[PDB]
């Protein structure tokens, strides 16, 4: 019960993963940016909630699990309890959001960040209400086996700027990328 946002890093051909990992070499400032966006809460004494499907939870290195300073929720219909290190397990995105409204969490969470994977995004994308997409455009093609859903530009507007988000083209390990913010309201 705060903002609902999706954050993703996409190659030119819309890939986000390849054999359980992201397709390019590690980009430390892309990770630094992902960490600060998802960890920074807007209010005082609140923490943001991160929602992720199971394959995404297992692609984070064990040392980095759970993602520090955030409430980590995993989506799965197969698991019986949250994986080791996870704070909550939900069977569906609606239940994950119905949970935020439990007195439990109702007072602790600021923003909800959808961090993947593809089915998770596809659904938050069609979910109604106000939604922002924070897209990292990796400007090169990468062999992938999982993709980000098509952004409908009649519903999503690309913003010209956003506070805290660099506007220039970045480059790291010879890969250029840029940060984009899209907003919907329906």
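Numbering follows the first chain given and starts at 1.
In this crystal structure, the stretch out of 49 to 57 and 34 to 42 whose C-alpha atoms carry the higher mean B factor is 34 to 42.
In this crystal structure, the stretch out of 125 to 133 and 62 to 70 whose C-alpha atoms carry the higher mean B factor is 125 to 133.
Going by the entry's values, 99 shows the largest Cα B-factor out of 86, 112, 99, 75. The PDB entry assigns residue 7 a C-alpha temperature factor belonging to the lowest third of its chain's modelled residues. Sorting the modelled residues of the chain by their CA temperature factor places residue 19 in the lowest third. Residue 145: CA B factor in the lowest third of modelled residues in this chain (values from the PDB entry).
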